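Undergrad: Pasting an experimental structure with its sequence.
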Amino acid sequence: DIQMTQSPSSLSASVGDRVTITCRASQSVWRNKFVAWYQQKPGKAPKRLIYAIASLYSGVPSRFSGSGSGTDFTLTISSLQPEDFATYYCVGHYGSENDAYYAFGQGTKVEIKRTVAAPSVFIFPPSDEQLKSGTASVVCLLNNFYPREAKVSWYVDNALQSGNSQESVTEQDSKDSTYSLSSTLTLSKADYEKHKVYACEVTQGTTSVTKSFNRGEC
Amino acid sequence: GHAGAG
Amino acid sequence: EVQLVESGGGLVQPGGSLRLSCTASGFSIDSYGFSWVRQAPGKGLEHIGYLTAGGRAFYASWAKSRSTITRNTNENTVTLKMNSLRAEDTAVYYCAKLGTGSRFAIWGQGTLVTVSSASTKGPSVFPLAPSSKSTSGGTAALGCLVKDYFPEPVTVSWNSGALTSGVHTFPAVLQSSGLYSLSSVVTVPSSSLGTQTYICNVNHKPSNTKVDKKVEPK
């Protein structure tokens, strides 16, 4: 089929920086000219910034510029601004006189760079209200940290858990540019009351922080 | 100007 | 003046079909060729097919066997039909003139199509209670566990919107049961756990259910 690739998939930059996102199509695009760059922010629909390689649409700041030809194309942001942090997609038109196709790159997420910040770690036992239902949800909160990459591990009586937890991470905060993560360990009420020590370990580089509670002990 | 127009 | 109003979709059973339409306003649907695009939760954009201005439909290799794109000039609409849907077809579907080499670009607002056998049900909101004695330097973390609801989405506020600082509502995860589950937390001064009331307001419009849960300490 037709496939488009962008480089990088993710990049951290600061305000004022110069950003360059490349995009290569597996084959030459329609008329060596039909490529547009889109901008999408969390919870919002994609917004087109550039069309026909280099044409800027009305209202798009001039700091955005597009270049390339045929198979290779590049998005350039001369001076990165706060409103520019988002995911960018290249989309190319293909086909012949008898067929027509489109394809998207995988997207490039532009996040804001900032100083390392350790998470404030909290661990919540399953509420008594829930334990009546027969299921135990243990929740571990990594609050306001950076960078996004973090390894969360659960221990029940110092036994490494696997396959019984799901993770969710927020988008970069508007104010302090940090991330937060929520990991939920799911156990039956029976298994939960069969153990005592519950611990959530957060490893980031050379540091591992483990928050613990003992079932029953307020 | 698009593809698939013969 | 110009708009593209999308409608249809919602819930589809595995093996069932979806039907989405988009009504153009301010212009004629025959004047341009229109694509159909989808974006699965937390994934990139994916092209489905393209209906040329001449009225010829062409599809991505992956969607050709199941997809049919048509238009109705009398009603000024373009329509997408996909049968034999599977769980991985869950996504936000868009109609759009992508405008890769022309000046005119326009998208529908997008509509979520959830492919699942699960039945619509509201969430069970459990408290993530804070301990009265803080073990995090005078700060307390509290929240609500919005668990076992279907389909997306749910909205969460705190104290009827009066509490926004420090709030983190995490993206939902799809549990093995087919139901969704997300957490919403907030950090507050531990000294306010006796003077301040904390209530999370969870709204699940797909089930016409609104849940308010007072989160108490200890």
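TA: Now that the structure is in, tell me what you want to look at. Numbering: from 1, shown residues only, chains lettered A, B, ... in the order given.
Undergrad: May I have the phi/psi pair for residue C:161?
TA: phi 90, psi -10 (degrees, to the nearest 10).
Undergrad: how near is it to chain A?
TA: For residue C:161, the distance to chain A (C-beta to the nearest C-beta, to the nearest Å) stands at 17 Å. To be clear about C-beta, it is placed using only N, CA and C from the backbone, and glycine gets the same treatment.
Undergrad: burial measure for that residue, as a count.
TA: If you count neighbours by other C-beta atoms under 10 Å in any protein chain shown, residue C:161 ends up with 8.
Undergrad: now swap in residue C:182 and tell me
TA: Neighbour tally, residue C:182, other C-beta under 10 Å: 23.
Undergrad: Wait, residue C:151 touches residue C:180, no?
TA: Yes. The pair residue C:151 / residue C:180 is scored as a contact, 7.4 Å apart, by C-beta atoms under 8 Å.
Undergrad: does chain A sit close to stretch C:122-136?
TA: Yes. Stretch C:122-136 reaches chain A (C-beta under 8 Å from any C-beta of the partner chain) through C:124, C:126, C:127, C:128, C:129, C:131, C:136.
Undergrad: Just the ones in strands from the residues you listed, please.
TA: Among the residues of stretch C:122-136 next to chain A, the ones falling in strands (DSSP state E) are C:124, C:126, C:127, C:128.
Undergrad: OK, contacts around the last one?
TA: Applying C-beta atoms under 8 Å, 6 or more residues apart in numbering or on different chains, one finds that residue C:128 lies in contact with A:124, A:127, A:139, C:141, C:142, C:143, C:144, C:145, C:183, C:185, C:215.
Undergrad: ok, what's across the strand from it?
TA: residue C:143 (DSSP bridges).
Undergrad: For the residue located most distally from the centre of chain C, what is the enclosing helix or strand?
TA: What lies farthest from the middle of chain C is residue C:133; by C-alpha atoms, centre = their mean that is 38.3 Å. For residue C:133, there is no enclosing helix or strand under DSSP states H and E.
Undergrad: CA atoms of stretch A:111-121 as CSV?
TA: Taking C-alpha atoms only, stretch A:111-121 is exported to CSV below (Å, rounded to 0.1, in the frame of the first residue of the first chain):
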residue,chain,number,x,y,z
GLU,A,111,6.0,18.5,24.0
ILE,A,112,7.5,21.2,26.1
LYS,A,113,10.9,20.6,27.7
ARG,A,114,11.4,21.4,31.4
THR,A,115,13.4,20.4,34.5
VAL,A,116,13.3,16.9,36.0
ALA,A,117,10.7,16.7,38.7
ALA,A,118,10.1,13.7,40.9
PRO,A,119,6.4,12.6,41.5
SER,A,120,4.6,12.9,44.8
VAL,A,121,3.4,9.3,45.1
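Undergrad: hmm, that stretch in reach of chain C?
TA: Yes. Against chain C, stretch A:111-121 shows contacts by C-beta under 8 Å from any C-beta at residue A:120.
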